[PDB]
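A.B. asks: This is start-v6.cif, which holds mmCIF, C-alpha atoms:
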data_query
#
loop_
_atom_site.label_atom_id
_atom_site.label_comp_id
_atom_site.auth_asym_id
_atom_site.auth_seq_id
_atom_site.Cartn_x
_atom_site.Cartn_y
_atom_site.Cartn_z
CA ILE T 81 -70.58 28.81 53.93
CA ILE T 82 -68.63 29.41 57.08
CA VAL T 83 -66.63 26.71 58.81
CA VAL T 84 -64.99 26.30 62.17
CA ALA T 85 -61.56 24.84 62.80
CA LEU T 86 -61.61 21.61 64.83
CA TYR T 87 -57.78 21.65 65.37
CA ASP T 88 -54.77 23.95 65.06
CA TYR T 89 -52.99 24.03 61.73
CA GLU T 90 -49.53 25.18 60.77
CA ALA T 91 -49.14 26.41 57.21
CA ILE T 92 -46.92 23.95 55.30
CA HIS T 93 -47.07 25.32 51.74
CA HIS T 94 -46.97 29.07 50.97
CA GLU T 95 -50.53 29.32 49.69
CA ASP T 96 -51.56 27.80 53.05
CA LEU T 97 -53.52 29.44 55.85
CA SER T 98 -52.65 29.17 59.57
CA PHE T 99 -55.62 28.79 61.89
CA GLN T 100 -56.38 27.58 65.37
CA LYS T 101 -59.10 25.47 66.90
CA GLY T 102 -62.26 27.51 67.14
CA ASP T 103 -61.38 29.99 64.37
CA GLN T 104 -64.15 30.83 61.92
CA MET T 105 -63.48 31.19 58.22
CA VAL T 106 -65.39 31.86 55.03
CA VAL T 107 -64.84 29.21 52.39
CA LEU T 108 -64.03 30.96 49.12
CA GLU T 109 -63.54 27.81 47.00
CA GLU T 110 -64.21 24.10 47.63
CA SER T 111 -61.45 22.93 45.24
CA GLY T 112 -61.30 19.37 46.61
CA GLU T 113 -59.66 18.10 49.79
CA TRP T 114 -58.09 21.55 49.98
CA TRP T 115 -60.36 24.60 50.20
CA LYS T 116 -59.57 28.26 49.75
CA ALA T 117 -60.69 30.34 52.73
CA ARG T 118 -60.48 33.65 54.56
CA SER T 119 -60.14 33.90 58.34
CA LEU T 120 -62.81 36.07 59.94
CA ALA T 121 -60.44 36.82 62.83
CA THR T 122 -57.02 37.63 61.33
CA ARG T 123 -58.43 38.65 57.90
CA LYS T 124 -55.68 36.69 56.03
CA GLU T 125 -56.52 34.04 53.42
CA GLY T 126 -55.40 30.81 51.76
CA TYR T 127 -55.86 27.06 51.48
CA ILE T 128 -56.89 24.89 54.40
CA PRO T 129 -57.21 21.10 54.83
CA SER T 130 -60.94 20.31 54.63
CA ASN T 131 -60.60 17.55 57.24
CA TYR T 132 -59.59 20.11 59.89
CA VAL T 133 -62.85 22.05 59.66
CA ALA T 134 -66.56 21.53 60.14
CA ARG T 135 -69.50 23.28 58.46
CA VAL T 136 -71.54 25.31 60.92
CA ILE O 81 -40.55 -1.03 55.15
CA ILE O 82 -39.26 2.42 56.13
CA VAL O 83 -40.50 5.97 55.44
CA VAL O 84 -39.07 9.46 55.82
CA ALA O 85 -41.09 12.48 56.89
CA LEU O 86 -41.58 15.17 54.27
CA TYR O 87 -43.04 17.69 56.77
CA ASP O 88 -43.36 18.29 60.52
CA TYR O 89 -46.41 16.79 62.19
CA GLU O 90 -47.50 17.36 65.78
CA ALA O 91 -49.85 14.70 67.12
CA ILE O 92 -53.50 15.89 67.25
CA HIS O 93 -55.21 12.68 68.43
CA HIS O 94 -53.74 10.67 71.36
CA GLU O 95 -52.37 7.65 69.51
CA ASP O 96 -50.85 9.89 66.86
CA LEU O 97 -47.12 9.89 66.33
CA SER O 98 -45.39 13.27 66.23
CA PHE O 99 -42.45 13.65 63.83
CA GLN O 100 -40.18 16.19 62.16
CA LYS O 101 -39.32 16.55 58.48
CA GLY O 102 -36.46 14.09 57.76
CA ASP O 103 -37.35 11.61 60.53
CA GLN O 104 -37.13 7.98 59.56
CA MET O 105 -39.77 5.50 60.75
CA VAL O 106 -40.64 1.87 60.26
CA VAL O 107 -44.09 1.27 58.83
CA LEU O 108 -45.99 -1.28 60.93
CA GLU O 109 -49.29 -1.25 58.99
CA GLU O 110 -50.25 0.42 55.71
CA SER O 111 -53.90 1.05 56.47
CA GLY O 112 -54.97 3.87 54.15
CA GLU O 113 -54.86 7.52 55.10
CA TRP O 114 -53.28 6.60 58.40
CA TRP O 115 -50.40 4.18 58.80
CA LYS O 116 -49.16 2.69 62.04
CA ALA O 117 -45.46 3.43 62.59
CA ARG O 118 -42.41 3.09 64.84
CA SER O 119 -40.13 6.14 65.00
CA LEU O 120 -36.38 5.60 64.68
CA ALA O 121 -35.80 9.15 66.02
CA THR O 122 -37.96 9.10 69.16
CA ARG O 123 -38.70 5.36 69.53
CA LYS O 124 -42.41 6.03 70.04
CA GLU O 125 -45.25 4.44 68.05
CA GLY O 126 -48.54 5.75 66.69
CA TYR O 127 -50.55 6.74 63.64
CA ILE O 128 -49.13 9.01 60.95
CA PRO O 129 -50.81 10.75 58.01
CA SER O 130 -49.60 8.71 55.03
CA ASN O 131 -49.51 11.84 52.85
CA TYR O 132 -46.80 13.33 55.08
CA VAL O 133 -44.30 10.58 54.36
CA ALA O 134 -42.59 8.90 51.43
CA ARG O 135 -41.76 5.21 51.37
CA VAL O 136 -38.06 4.82 50.57
CA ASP O 137 -35.34 2.39 49.69
CA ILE J 81 -36.99 8.91 39.64
CA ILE J 82 -37.39 11.14 42.70
CA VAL J 83 -35.34 10.86 45.93
CA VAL J 84 -35.60 12.28 49.39
CA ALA J 85 -32.69 13.63 51.37
CA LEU J 86 -31.84 11.63 54.50
CA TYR J 87 -29.48 14.29 55.94
CA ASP J 88 -28.54 17.97 55.61
CA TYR J 89 -25.85 18.80 53.06
CA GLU J 90 -23.83 21.94 52.69
CA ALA J 91 -22.56 22.41 49.10
CA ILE J 92 -18.74 22.21 49.14
CA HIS J 93 -18.41 23.25 45.48
CA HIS J 94 -20.28 25.57 43.11
CA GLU J 95 -21.76 22.85 40.90
CA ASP J 96 -23.34 20.80 43.69
CA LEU J 97 -26.64 21.32 45.56
CA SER J 98 -27.42 22.32 49.14
CA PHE J 99 -30.37 20.53 50.71
CA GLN J 100 -31.86 19.66 54.08
CA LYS J 101 -33.11 16.34 55.39
CA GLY J 102 -36.61 15.65 54.01
CA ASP J 103 -36.16 17.61 50.79
CA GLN J 104 -37.36 16.00 47.60
CA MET J 105 -35.46 16.16 44.38
CA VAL J 106 -35.63 14.73 40.90
CA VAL J 107 -32.60 12.70 39.84
CA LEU J 108 -31.45 13.90 36.41
CA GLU J 109 -28.35 11.63 36.13
CA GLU J 110 -27.21 8.65 38.21
CA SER J 111 -23.52 9.02 37.38
CA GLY J 112 -21.45 7.42 40.14
CA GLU J 113 -21.27 8.65 43.72
CA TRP J 114 -22.48 12.07 42.59
CA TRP J 115 -25.86 12.52 40.96
CA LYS J 116 -27.26 15.51 39.10
CA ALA J 117 -30.63 16.52 40.50
CA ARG J 118 -33.24 19.22 40.74
CA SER J 119 -34.79 20.44 43.93
CA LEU J 120 -38.59 20.28 43.60
CA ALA J 121 -38.85 23.21 46.01
CA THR J 122 -36.45 25.77 44.49
CA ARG J 123 -36.02 24.14 41.05
CA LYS J 124 -32.28 24.60 41.56
CA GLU J 125 -29.96 22.10 39.87
CA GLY J 126 -26.70 20.52 40.88
CA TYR J 127 -24.80 17.48 42.05
CA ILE J 128 -25.64 15.62 45.23
CA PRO J 129 -23.83 12.87 47.13
CA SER J 130 -25.82 9.71 46.35
CA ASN J 131 -25.34 8.34 49.87
CA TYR J 132 -27.28 11.24 51.42
CA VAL J 133 -30.48 10.38 49.56
CA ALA J 134 -32.87 7.47 49.25
CA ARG J 135 -35.03 6.68 46.23
CA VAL J 136 -38.76 6.82 46.76
CA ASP J 137 -39.89 3.25 46.29
CA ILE V 81 -73.80 10.54 63.14
CA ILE V 82 -71.90 7.87 65.07
CA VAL V 83 -72.94 4.21 65.27
CA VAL V 84 -71.84 1.23 67.38
CA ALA V 85 -71.38 -2.24 65.92
CA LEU V 86 -73.78 -4.92 67.16
CA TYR V 87 -71.89 -7.87 65.64
CA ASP V 88 -68.48 -8.83 64.23
CA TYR V 89 -68.11 -8.28 60.51
CA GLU V 90 -65.68 -9.74 58.02
CA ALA V 91 -65.36 -7.77 54.79
CA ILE V 92 -66.64 -9.67 51.76
CA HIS V 93 -65.20 -7.15 49.27
CA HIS V 94 -62.07 -4.99 49.03
CA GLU V 95 -64.10 -1.82 49.60
CA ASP V 96 -65.79 -3.19 52.74
CA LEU V 97 -64.72 -2.27 56.27
CA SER V 98 -64.20 -5.10 58.75
CA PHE V 99 -64.95 -4.43 62.42
CA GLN V 100 -65.73 -6.05 65.78
CA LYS V 101 -68.77 -5.97 68.01
CA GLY V 102 -68.86 -2.75 70.01
CA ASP V 103 -66.69 -0.76 67.63
CA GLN V 104 -67.77 2.82 67.14
CA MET V 105 -67.62 4.41 63.72
CA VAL V 106 -68.62 7.66 62.02
CA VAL V 107 -71.15 7.31 59.20
CA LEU V 108 -69.85 9.19 56.17
CA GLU V 109 -72.65 8.23 53.76
CA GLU V 110 -76.00 6.50 54.22
CA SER V 111 -76.37 4.93 50.77
CA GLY V 112 -79.17 2.45 51.54
CA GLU V 113 -78.31 -1.05 52.77
CA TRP V 114 -74.54 -0.29 52.69
CA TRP V 115 -73.15 2.77 54.52
CA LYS V 116 -69.70 4.28 54.14
CA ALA V 117 -67.91 4.60 57.46
CA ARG V 118 -64.69 5.51 59.21
CA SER V 119 -63.79 3.32 62.16
CA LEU V 120 -62.95 5.06 65.42
CA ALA V 121 -61.02 1.98 66.47
CA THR V 122 -58.85 1.30 63.41
CA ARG V 123 -59.36 4.64 61.60
CA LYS V 124 -59.89 2.70 58.34
CA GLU V 125 -62.73 3.28 55.91
CA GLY V 126 -65.17 1.35 53.84
CA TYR V 127 -68.71 0.08 53.54
CA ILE V 128 -70.56 -1.62 56.37
CA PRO V 129 -73.93 -3.47 56.46
CA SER V 130 -76.36 -0.94 57.97
CA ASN V 131 -78.26 -3.67 59.88
CA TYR V 132 -75.06 -4.57 61.76
CA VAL V 133 -74.88 -1.20 63.58
CA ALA V 134 -76.98 1.01 65.79
CA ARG V 135 -77.10 4.78 65.67
CA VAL V 136 -76.43 6.81 68.82
CA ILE Y 81 -38.83 -6.54 55.68
CA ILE Y 82 -36.66 -5.47 58.59
CA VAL Y 83 -34.52 -7.76 60.78
CA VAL Y 84 -32.64 -7.38 64.03
CA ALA Y 85 -29.23 -8.83 64.76
CA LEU Y 86 -29.20 -11.50 67.47
CA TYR Y 87 -25.40 -11.61 67.71
CA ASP Y 88 -22.26 -9.65 66.81
CA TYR Y 89 -20.81 -10.55 63.41
CA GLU Y 90 -17.44 -9.72 61.90
CA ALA Y 91 -17.31 -9.55 58.11
CA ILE Y 92 -15.18 -12.34 56.60
CA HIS Y 93 -15.49 -11.71 52.81
CA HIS Y 94 -15.38 -8.29 51.14
CA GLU Y 95 -19.05 -8.58 50.20
CA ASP Y 96 -20.57 -9.44 53.60
CA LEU Y 97 -21.57 -6.90 56.25
CA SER Y 98 -20.36 -6.46 59.86
CA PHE Y 99 -23.05 -5.75 62.45
CA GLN Y 100 -23.65 -5.83 66.20
CA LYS Y 101 -26.18 -7.61 68.36
CA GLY Y 102 -29.34 -5.51 68.34
CA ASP Y 103 -28.74 -3.69 65.05
CA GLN Y 104 -31.74 -3.30 62.78
CA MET Y 105 -31.41 -3.80 59.07
CA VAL Y 106 -33.60 -3.92 56.00
CA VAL Y 107 -33.54 -7.16 54.05
CA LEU Y 108 -32.95 -6.29 50.39
CA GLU Y 109 -32.77 -9.87 49.06
CA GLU Y 110 -33.49 -13.21 50.76
CA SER Y 111 -30.90 -15.11 48.69
CA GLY Y 112 -30.81 -18.28 50.80
CA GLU Y 113 -28.23 -18.71 53.56
CA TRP Y 114 -26.84 -15.24 52.89
CA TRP Y 115 -29.31 -12.38 52.59
CA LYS Y 116 -28.45 -8.98 51.16
CA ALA Y 117 -29.25 -6.26 53.70
CA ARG Y 118 -28.79 -2.62 54.56
CA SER Y 119 -27.90 -1.29 57.98
CA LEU Y 120 -30.50 1.31 59.01
CA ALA Y 121 -27.99 3.41 60.94
CA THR Y 122 -25.03 3.32 58.59
CA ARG Y 123 -27.01 2.71 55.35
CA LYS Y 124 -24.15 0.38 54.33
CA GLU Y 125 -25.24 -2.65 52.30
CA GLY Y 126 -23.91 -6.19 52.20
CA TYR Y 127 -24.59 -9.86 52.84
CA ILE Y 128 -25.39 -11.19 56.29
CA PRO Y 129 -25.78 -14.74 57.61
CA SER Y 130 -29.57 -15.22 57.85
CA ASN Y 131 -29.17 -17.38 60.94
CA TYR Y 132 -27.76 -14.38 62.86
CA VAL Y 133 -30.90 -12.28 62.50
CA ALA Y 134 -34.56 -12.49 63.47
CA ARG Y 135 -37.25 -11.13 61.17
CA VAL Y 136 -39.66 -8.70 62.85
CA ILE L 81 -44.68 -15.83 71.09
CA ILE L 82 -41.01 -14.84 71.30
CA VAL L 83 -39.86 -11.22 71.06
CA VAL L 84 -36.54 -9.48 70.40
CA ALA L 85 -35.39 -6.39 72.26
CA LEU L 86 -34.95 -3.28 70.14
CA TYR L 87 -33.24 -1.23 72.89
CA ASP L 88 -31.39 -1.68 76.17
CA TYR L 89 -33.47 -1.64 79.35
CA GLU L 90 -32.49 -1.30 83.01
CA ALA L 91 -34.92 -2.55 85.69
CA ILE L 92 -36.33 0.15 87.98
CA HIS L 93 -38.82 -1.96 89.97
CA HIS L 94 -38.05 -5.33 91.57
CA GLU L 95 -40.24 -7.58 89.42
CA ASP L 96 -39.15 -6.45 85.93
CA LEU L 97 -36.05 -7.89 84.21
CA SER L 98 -33.19 -5.98 82.62
CA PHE L 99 -32.20 -6.83 79.05
CA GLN L 100 -29.81 -5.65 76.32
CA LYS L 101 -30.80 -4.88 72.73
CA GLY L 102 -30.73 -8.11 70.73
CA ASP L 103 -31.91 -10.27 73.65
CA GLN L 104 -34.63 -12.82 72.92
CA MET L 105 -37.40 -13.42 75.41
CA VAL L 106 -40.63 -15.39 75.58
CA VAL L 107 -43.79 -13.35 76.15
CA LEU L 108 -45.70 -14.84 79.09
CA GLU L 109 -48.51 -12.23 79.24
CA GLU L 110 -49.43 -9.42 76.85
CA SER L 111 -51.08 -7.59 79.78
CA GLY L 112 -51.56 -4.17 78.17
CA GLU L 113 -48.57 -1.85 78.02
CA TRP L 114 -46.35 -4.11 80.13
CA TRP L 115 -45.83 -7.69 79.02
CA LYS L 116 -44.61 -10.47 81.31
CA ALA L 117 -41.56 -12.21 79.94
CA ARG L 118 -38.95 -14.84 80.48
CA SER L 119 -35.49 -14.13 79.10
CA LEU L 120 -34.02 -16.91 76.96
CA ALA L 121 -30.55 -15.49 77.74
CA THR L 122 -30.55 -14.68 81.48
CA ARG L 123 -33.30 -17.29 82.05
CA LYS L 124 -34.93 -14.77 84.43
CA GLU L 125 -38.57 -13.70 84.50
CA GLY L 126 -40.23 -10.31 84.87
CA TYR L 127 -42.04 -7.40 83.25
CA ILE L 128 -40.82 -5.52 80.17
CA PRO L 129 -41.97 -2.38 78.37
CA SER L 130 -43.80 -3.65 75.26
CA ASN L 131 -42.58 -0.72 73.17
CA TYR L 132 -38.95 -1.77 73.74
CA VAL L 133 -39.38 -5.15 72.00
CA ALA L 134 -40.51 -6.41 68.60
CA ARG L 135 -42.41 -9.62 67.82
CA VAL L 136 -40.66 -12.30 65.75
CA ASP L 137 -42.22 -13.24 62.40
#
As a first step, turn the structure in this file into structure tokens.
C.D. replies:
Amino acid sequence: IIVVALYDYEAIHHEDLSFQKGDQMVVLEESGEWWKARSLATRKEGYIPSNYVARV
Amino acid sequence: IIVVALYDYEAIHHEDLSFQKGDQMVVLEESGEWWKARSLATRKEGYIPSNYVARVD
Amino acid sequence: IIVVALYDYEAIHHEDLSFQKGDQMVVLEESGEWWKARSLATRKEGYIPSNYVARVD
Amino acid sequence: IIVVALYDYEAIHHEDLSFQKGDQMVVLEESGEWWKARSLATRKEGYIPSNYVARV
Amino acid sequence: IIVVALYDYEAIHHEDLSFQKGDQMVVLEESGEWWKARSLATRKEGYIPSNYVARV
Amino acid sequence: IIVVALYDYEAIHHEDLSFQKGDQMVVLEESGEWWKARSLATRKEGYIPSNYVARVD
């Protein structure tokens, strides 16, 4: 499942992923409130807050 | 009734309160995931993600 | 038993800890004006001035 | 996905979500007679009586 | 709860706190005519005459 | 309801009243962002920024 970022996000932790509004990412794991994902744009990966994204 | 910011937070919504790690604020309402607060650093008011702060003594 | 730093502190000795405002640490010993603690971020241990931190309550 | 409140509602339980007439809220879950919602006005969450709101 | 000083006060005992009109403090204990409090700016603790402050 | 000033304020317009932090004033109108108030100290009347004052409990 691919999701789109609704808002910009600054990585707080180290295992965190930095994305911007509009970015598309592939959800690798739906761990809980925090999901593992890979950016389709930058190619980098990490955890993202699930409340900042929407399922396409 | 005061909290200290554990991380930086830039307001996303319009009534959101921006704050920097270390900032002290007075909690106005403890309403779940979002709390209403008064900043002692900037003097502004707004909502804050409760998981970004720690209630202290 | 955890506290959060209210201000930045530069270690003046070898046995005490350096921390920045907003940092969280575990208090190992509450012995006087100086407390032994462990930074939750770096795991580092040392003494901290008790007046620079506030207990999470 | 969003509904507008037709009447004022006082929570009868601790999990309920109180609101006023006209308030807009996002419906999180449509579990029958009681729906889980997030208020756009107060940002709070809880269950609301589904016959008290209208879907837009 | 937090209070704000209505008037300037000069400490008389060794236990009471000195504060200025407008200062905000956190009430630690509401021990009658003399409440224990903590200045928010100086973090210093001590007793204050309750009739000199207004609870917000 | 009566309010207490959290910060100092200096009147820019001609209808709003200046007040020092600590000043008590009666809220005449809670007209949005700018409340109408009468100062219990200066006895004057005028508008005040609502975010500069706190409500008495």
A.B. asks: Find the spatial neighbours of residue 95 of chain V, counting only C-alpha atoms, within a cut-off of 10 Å - ignore same-chain residues fewer than 6 positions away - and output them as a list in words.
C.D. replies: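 Near neighbours after the sequence-gap exclusion: residues 116, 125, 126, 127 and 128 of chain V.
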A.B. asks: Can you check the Cα RMSD once chain O has been least-squares fitted onto chain J over every paired atom, in order?
C.D. replies: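 So the superposition leaves a C-alpha RMSD of 0.6 Å.
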A.B. asks: Extract, using all atoms listed in the file, all DNA, RNA and protein residues at most 12 Å from residue 123 of chain O, discarding same-chain residues fewer than 2 positions from it, and format them as a PDB file with C-alpha atoms, in the frame of the given file.
C.D. replies:
ATOM      1  CA  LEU O  97     -47.120   9.890  66.330  1.00  0.00           C
ATOM      2  CA  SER O  98     -45.390  13.270  66.230  1.00  0.00           C
ATOM      3  CA  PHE O  99     -42.450  13.650  63.830  1.00  0.00           C
ATOM      4  CA  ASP O 103     -37.350  11.610  60.530  1.00  0.00           C
ATOM      5  CA  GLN O 104     -37.130   7.980  59.560  1.00  0.00           C
ATOM      6  CA  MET O 105     -39.770   5.500  60.750  1.00  0.00           C
ATOM      7  CA  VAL O 106     -40.640   1.870  60.260  1.00  0.00           C
ATOM      8  CA  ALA O 117     -45.460   3.430  62.590  1.00  0.00           C
ATOM      9  CA  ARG O 118     -42.410   3.090  64.840  1.00  0.00           C
ATOM     10  CA  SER O 119     -40.130   6.140  65.000  1.00  0.00           C
ATOM     11  CA  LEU O 120     -36.380   5.600  64.680  1.00  0.00           C
ATOM     12  CA  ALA O 121     -35.800   9.150  66.020  1.00  0.00           C
ATOM     13  CA  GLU O 125     -45.250   4.440  68.050  1.00  0.00           C
ATOM     14  CA  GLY O 126     -48.540   5.750  66.690  1.00  0.00           C
TER      15      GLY O 126
ATOM     16  CA  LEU L  86     -34.950  -3.280  70.140  1.00  0.00           C
ATOM     17  CA  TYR L  87     -33.240  -1.230  72.890  1.00  0.00           C
ATOM     18  CA  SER L 130     -43.800  -3.650  75.260  1.00  0.00           C
ATOM     19  CA  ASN L 131     -42.580  -0.720  73.170  1.00  0.00           C
ATOM     20  CA  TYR L 132     -38.950  -1.770  73.740  1.00  0.00           C
ATOM     21  CA  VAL L 133     -39.380  -5.150  72.000  1.00  0.00           C
ATOM     22  CA  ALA L 134     -40.510  -6.410  68.600  1.00  0.00           C
TER      23      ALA L 134
END
A.B. asks: Listing only residues of chain T within 9 Å of chain O, what is the closest atom pair and its distance in Å (to one decimal) for each, using all atoms listed in the file, sorted by chain and residue number ascending, as JSON lines?
C.D. replies:
{"residue": "T:87", "atom": "CA", "partner": "O:92", "partner_atom": "CA", "distance": 7.4}
{"residue": "T:88", "atom": "CA", "partner": "O:92", "partner_atom": "CA", "distance": 8.4}
{"residue": "T:92", "atom": "CA", "partner": "O:87", "partner_atom": "CA", "distance": 7.5}
A.B. asks: Between V:132, V:119, V:85, V:124, which one has atoms that come closest to residue 102 of chain V, using only C-alpha atoms?
C.D. replies: V:85
A.B. asks: Show me, as a PyMOL selection string, every residue of chain J with an atom at most 6 Å from chain O, counting all atoms listed in the file.
C.D. replies: chain J and resi 101-102+134-137
A.B. asks: Quick one, how far is atom CA of residue 127 of chain O from atom CA of residue 123 of chain V?
C.D. replies: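 Result for atom CA of residue 127 of chain O versus atom CA of residue 123 of chain V: 9.3 Å, one decimal.
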